[PDB]
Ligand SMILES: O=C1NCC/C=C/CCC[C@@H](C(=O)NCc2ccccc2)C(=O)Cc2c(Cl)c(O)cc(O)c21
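This document starts with one chain, in the form solved without this ligand, laid out as structure tokens.
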């Protein structure tokens, strides 16, 4: 809801904190994409909510190993147990991280570019299995990640521009980076 949107933004900011961290050891790490931001792009025609951040990103190996493990461990039974009982929360106490995305979306794509690798696309349909492929279809990003949620039919309110603007309006004081919204 509004809390979920807020959590997604706070979650995106972690990737920005991490690239800034690497930056303390090697300034070059930040230089590939000096613009630090969080940008939300509703795409109602596709029933897709997109959140991009210019954080540290993930390499192919990190996509397969980390997200691959999340998808594999996220069996139909597990998600079922998660569904109802605790509802949501991605971050904070009683947060379930990436799994909560599967509660709002049936398909999830993670486009990612790390300074140490090329641009790739990770994807999974309600967990179970996942894929990773070299990106030859989306926009090229300097660094970071585009998390693309294909919203479930009963959760389309996440595409509402007015709702999103009110969220970023009162949450941009809890995040150290600008939160931008793409208005279509």
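Residue numbers count along the first chain shown, from 1. Rigid core (definition): largest C-alpha set, two forms, superposition within 1.5 Å.
As for the form solved in complex with this ligand, it is not shown, yet the points below apply to it.
Screening 151, 40, 30, 67 for any heavy atom within 4.5 Å of this ligand in the deposited bound form leaves a single hit, 67. Stretch 57-65 is the contacting one of 22-30, 152-160, 42-50, 57-65, since its residues have non-hydrogen atoms within 4.5 Å of this ligand in the deposited bound form.
The closest non-hydrogen atom of residue 8 lies within 4.5 Å of this ligand in the deposited bound form. Contact annotation for residue 78: none of its heavy atoms lies within 4.5 Å of this ligand in the deposited bound form.
Taking the partner from elsewhere, residue 119 is found to have every heavy atom lying beyond 4.5 Å of this ligand in the deposited bound form. Taking the partner from the other structure, this ligand in the deposited bound form has a heavy atom within 4.5 Å of a heavy atom of residue 147. Looking at 14-34, the residues that come within 4.5 Å of this ligand in the deposited bound form, counting any heavy atom, are 15, 18. When two forms of a protein are overlaid on their rigid core, residues whose CA moves 2 Å or more are considered shifted, and residue 167 is one of them between this form and the one not shown. Taking the rigid core as fixed, one finds a CA shift for residue 90 of 2 Å or more between this form and the one not shown. Here's the thing about residue 167 and residue 105: their CA atoms end up at least 3 Å closer in the deposited bound form than they are in this form. Legend note: Cα of residue 133 to Cα of residue 78 is at least 3 Å farther in the deposited bound form than in the depicted form.
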